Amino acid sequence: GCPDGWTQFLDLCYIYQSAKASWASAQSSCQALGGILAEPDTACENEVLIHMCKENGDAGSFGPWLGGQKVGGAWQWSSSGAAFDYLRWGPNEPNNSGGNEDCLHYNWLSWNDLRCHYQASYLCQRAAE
């Protein structure tokens, strides 16, 4: 199971945090909560997280942080350092607007690259116990 108030999906537990934070601050928080920024690596995981965004009024622009980051020019999941396999980029993304969009978030319920110190809400994930 999951702690109270978290959303179970299979062997994962998710939670939406509304407080606005940089990617790094959001990560540290999720780590404090015993987990990581959410890493939707499957279609079904992404559906669950998008539904959480809708639930929390964050289905528009500047939606919540996810655990992907661009490191050395390539995108990776920050928990493992693994490259992406499954991708859910929105149209024309990642567009590197401004040349410094190095963190992953939801923008209109699709993946987008955004500057890492934009202050967005965030999704955490932890293993079910």
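So that there is no doubt, residue numbering starts at 1 and follows the sequence shown.
Higher-B stretch (mean Cα B-factor, as the entry records it), 120 to 128 or 1 to 9: The stretch with the larger average C-alpha B-factor is 1 to 9.
Can you tell me which stretch has the higher mean Cα B-factor, 40 to 48 or 80 to 88? 80 to 88 has the higher mean C-alpha B-factor.
Hey, out of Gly63, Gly98, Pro94, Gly67, whose CA B-factor is highest in the deposited coordinates? Top of the list by C-alpha B-factor: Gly98.
Going by the entry, which of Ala26, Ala32, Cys103, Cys53 has the most elevated CA B factor? Highest CA B-factor of the listed options: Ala32.
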